[PDB]
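Since the structure comes first, as structure tokens, the remarks are kept for the end.
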Amino acid sequence: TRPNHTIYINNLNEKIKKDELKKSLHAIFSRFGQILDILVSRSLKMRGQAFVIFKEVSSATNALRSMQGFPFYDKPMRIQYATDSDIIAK
RNA sequence: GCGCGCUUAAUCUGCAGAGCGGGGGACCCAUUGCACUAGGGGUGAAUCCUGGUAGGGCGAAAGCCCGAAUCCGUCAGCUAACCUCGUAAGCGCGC
Ligand SMILES: Nc1ncnc2c1ncn2[C@@H]1O[C@@H]2COP(=O)(O)O[C@H]3[C@@H](O)[C@H](n4cnc5c(N)ncnc54)O[C@@H]3COP(=O)(O)O[C@H]2[C@H]1O
Ligand SMILES: Nc1ncnc2c1ncn2[C@@H]1O[C@@H]2COP(=O)(O)O[C@H]3[C@@H](O)[C@H](n4cnc5c(N)ncnc54)O[C@@H]3COP(=O)(O)O[C@H]2[C@H]1O
Ligand SMILES: [K+]
Ligand SMILES: [Mg+2]
Ligand SMILES: [Mg+2]
Ligand SMILES: [Mg+2]
Ligand SMILES: [Mg+2]
Ligand SMILES: [Mg+2]
């Protein structure tokens, strides 16, 4: 719940492949600001989740506030704030 | 060495078939998971608590024992089709 450069999204449709999911997430979130990276994994623990890392925290906050609850692949996205991502911390 | 047996998927036929087993792997169902570095998982009865113990083997029974080892490599839920490998080894009696 603490503001971060990286936003954490879950409740995502697990049938959607990594490439397509990342492409769609970039498509939707790039309008809020420059995206540093998008981490997606389909492992047992990490599936249904994604990490969108923004260049600016303001972008992260606006994206989160704006896309909170968005119908994405027939499921409402659940968005919270990320610890800092390795790319940012470094 | 051979004849019965025993744990085990570990046995038969002339490296390969048959038989017996292990793992991956859709739809369906279940899973809401804070990652970018031991974690997660598989064979087996062999797991846990600080000698006990879950769980297993022989035995009609009472009783006697095991309660090991090791591997995949950061990854594996269920799962037809399908893809794959294993068929090592350790003993008890007799001649
Ligand atoms: N899969 C398993 N799960 C749990 N526990 C297991 C197990 N396999 C074996 N055990 C236990 O550990 C001991 C190991 O015996 P092993 O098979 O080396 O050696 C055995 C066996 O090779 C042989 N044996 C046992 N019963 C036999 C029988 N009825 N006929 C012929 N030979 C027998 O003589 C030895 C006597 O063993 P014993 O039964 O006193 O003790 C056995 C058994 O109690
Ligand atoms: N789903 C999974 N998740 C995580 N790790 C997994 C896994 N599946 C397999 N592994 C591990 O990786 C190896 C893969 O070889 P595979 O299981 O084909 O090779 C196995 C298997 O094909 C066969 N096997 C194992 N247990 C068997 C059994 N009970 N009956 C018949 N064959 C068996 O012999 C080999 C034994 O070697 P081992 O099991 O040490 O070697 C296994 C195991 O250590
Ligand atoms: K088991
Ligand atoms: Mg062969
Ligand atoms: Mg099994
Ligand atoms: Mg599976
Ligand atoms: Mg038996
Ligand atoms: Mg899977």
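Laboratory data are not the source of any read-out in this text; all were calculated from the coordinates shown. Reconstructed Cβ throughout: ideal geometry from the backbone, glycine too, with neighbour counts over all protein chains shown.
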Open item on the list: Just checking, does region A:16-23 include any residue being under 21 Å from A:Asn4 (Cα atoms) and either surrounded by 15 or more Cβ atoms within 10 Å (Cβ to Cβ) or among the acidic types (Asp, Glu) (or both)?
Closed with: yes
Task: Candidates A:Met77, A:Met46 - the one that is farther than 11 Å from A:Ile7 by Cα and touching a helix residue (DSSP H, G or I) at 6+ places or on another chain (Cβ under 9 Å) - done: A:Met77
Open item on the list: Looking at region A:9-67 only, could you name the residues that are among the acidic types (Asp, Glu) and within 12 Å of RNA strand B (Cβ to nearest atom)?
Closed with: A:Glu14, A:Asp37
Open item on the list: Which of the numbered conditions does A:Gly33 fail, given that it passes all the others? Conditions: (1) surrounded by 20 or more Cβ atoms within 10 Å (Cβ to Cβ); (2) touching a helix residue (DSSP H, G or I) at 6+ places or on another chain (Cβ under 6 Å); (3) over 14 Å from A:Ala82 (Cα atoms).
Closed with: (1)
Task: Top-ranked residue in region A:7-21 [being among the hydrophobic types (A, V, I, L, M, F, W, C) and not in a loop (DSSP other than H, G, I, E, B); ranked as farthest from the chain's Cα centre (by Cα)] - done: A:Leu21
- [ ] Keeping to region A:30-83, report how many residues are farther than 13 Å from A:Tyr8 by Cβ, in contact with a strand residue (DSSP E or B) (Cβ under 9 Å, 6 or more places away or on another chain) and among the hydrophobic types (A, V, I, L, M, F, W, C).
- [x] 5
Open item on the list: I'm trying to understand the selection: among the residues of region A:32-83, which are acidic (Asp, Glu), more than 14 Å from A:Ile16 (Cα to Cα) and assigned to a loop (DSSP other than H, G, I, E, B)?
Closed with: A:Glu56
